[PDB]
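See structure below.
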Amino acid sequence: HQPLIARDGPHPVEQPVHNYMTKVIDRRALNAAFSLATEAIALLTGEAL
Amino acid sequence: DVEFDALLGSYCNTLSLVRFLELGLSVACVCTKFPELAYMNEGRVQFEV
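Those protein sequence lines, which keep their order, are chains B and G. Take any residue in the first sequence, note its place counting from 1, add 99, and you have its number in the authors' numbering. Take any residue in the second sequence, note its place counting from 1, add 50, and you have its number in the authors' numbering.
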């Protein structure tokens, strides 16, 4: 809401102004990886018991 | 519309099961389990004389 200064003279009379707006968020999903393969895949889980 | 008697003596013997021990042929090998040889990725038996 912007303010204003009351001003004397042949100046145009000042009217309060109000600024209404909206943004939007961004996304940018972040990725990390992994790898496990074969032998150590079935080493972990029942299969070695 | 028939009838089935079953012989008491003289059973049929379907699928005799041979065990690998009790053969004549197993003298030649000594067997051990290396239940990690699925994932062994190369093995060597080293006996030193």
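Virtual Cβ for every residue (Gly too), placed ideally from N, Cα, C.
When you compare only the Cα positions, how much space is there between residue i and residue j?
i             : j             : result
residue 97/G  : residue 91/G  : 20 Å
residue 119/B : residue 129/B : 32 Å
residue 142/B : residue 85/G  : 11 Å
residue 95/G  : residue 76/G  : 19 Å
residue 145/B : residue 62/G  : 40 Å
Taking the alpha helix (DSSP H) that residue i belongs to, which residues open and close that run?
i             : result
residue 139/B : 138 to 142
### Query
What residues in the stretch 56 to 71 of chain G bring their beta carbon closer than 9 Å to a beta carbon of chain B?
none
### Task
Mind checking the stretch 134 to 146 of chain B against chain G and listing, in chain order, the residues whose C-beta falls within less than 7 Å of any C-beta there?
138, 142
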